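Okay, so here's just one chain, in structure tokens, the form deposited in one PDB entry.
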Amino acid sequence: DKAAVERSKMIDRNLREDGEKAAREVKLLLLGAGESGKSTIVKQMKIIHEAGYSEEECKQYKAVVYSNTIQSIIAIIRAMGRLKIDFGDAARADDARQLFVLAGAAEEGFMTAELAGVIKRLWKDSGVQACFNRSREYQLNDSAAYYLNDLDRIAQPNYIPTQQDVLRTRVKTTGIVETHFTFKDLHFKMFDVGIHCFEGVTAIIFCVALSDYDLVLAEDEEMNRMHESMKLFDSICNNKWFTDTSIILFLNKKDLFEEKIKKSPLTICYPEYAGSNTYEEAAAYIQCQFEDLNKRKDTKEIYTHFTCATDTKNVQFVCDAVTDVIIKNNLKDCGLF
């Protein structure tokens, strides 16, 4: 372990009466465009380092799971009208009407056997599936298929959200969330911000949704999501405040990216791309595109990881590697408390 050797060279604890018990602090700034996976990484730190989610905690997310599911099916059904896609079975038109009747009369996310039946039959329909497969043409929750394929379980009367159900939720974050966890005897203070108050943070973790490459901003249908993310990364990576800050890049949603890359060409995002349309070549190209935005290459190193933030095991592996980089490079700028 090169990290253990490196940290063992520190002598600053000796200057403190109870130095060996002192807390070494690491501040991590968590950045990235909306829906890039920041809240999910936050949830994973709780799961991995601070004892997960109990069942009662999971229970609080029940109506969030229903809400996300309701939103997803409605977005697809509504898109069918705008894209002129017919139901595969004309009998589904009644189910579609009933979806709006049921969502329309409720105060918040909910589930009944009646609604489940409605959504289940809609989700199985060939025309709905065809609309689903053109989701790049509208705005659809990335977790749509996850919840809709598991609808039968979610619809059971004594349904209890699993940890993965909770990780899969999309929750509207406003403002700054700060989380604390201890790992490898470091006391991490993680800020979900998505900025001069964080000058001289130990490290930045910047999240990018790989699967955004063929999508558009909800605000401006003309604006390519990935180009927006690059511009944001450019504006962060080359900012005065962050020269001694380790810049970590999470190229996230690699699972979703791998699934669509065969069907939908990278050229939609990068017209000049002439590589093959495979997971390997297209992901590499995106990595190179982002790392290129760094204007101080022989000064600043970018530490890139491909992540699936909903996958606890991958996030645990990636977190472990990122932490070794910080221990090897940044401890001299981390204070004791």
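The numbering used is simple: start at 1 and walk along the sequence shown. The term rigid core refers to the most C-alpha atoms you can superpose between the two forms while keeping them within 1.5 Å.
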Q: Quick one: classify how much of the deposited chain lacks coordinates between residue 194 and residue 195, choosing none, 1 to 3, 4 to 9, or 10 or more.
A: 4 to 9
Q: Report the stretch with the higher mean CA temperature factor, choosing between 24-32 and 48-56 on the basis of the entry.
A: 48-56
Q: Going by the average Cα B-factor in the PDB entry, point out whether 250-258 or 175-183 comes out higher.
A: 175-183
Q | Selection by C-alpha B-factor (highest) of 100, 87, 206, 110 | A | 87
Q. For the listed 211, 163, 169, 245, which has the peak Cα B-factor recorded in the PDB entry?
A. 245
Q) Which third of the chain holds residue 324 when residues are ordered by C-alpha B factor: lowest, middle or highest? A) middle
Q: Determine, from the deposited record, the chain-internal third of the Cα B-factor for residue 75: lowest, middle or highest.
A: lowest
Q) By the record's CA B-factor, is residue 269 among the lowest, middle or highest third of residues in the chain? A) middle
Q: Could you tell me which third, lowest, middle or highest, the C-alpha B-factor of residue 158 occupies within its chain?
A: highest
Q: Using the B-factor values recorded in the entry, state whether the Cα atom of residue 142 falls in the lowest, middle or highest third among the modelled residues of its chain.
A: lowest
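Omitted from view is the form deposited in another entry, to which the following refers.
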Q. For the list 145, 75, 103, 217, which one shows a CA move of 2 Å or more between this form and the one not shown after the core is fit?
A. 103
**Q.** Cα distance between residue 77 and residue 109, which in that other deposited form differs by 3 Å or more from this form, closer or farther
**A.** farther
Q.
I want to verify one pair: residue 109 and residue 136. Are their C-alpha atoms nearer or more distant in that other deposited form compared with the form I supplied, knowing the change is 3 Å or more?
A. farther
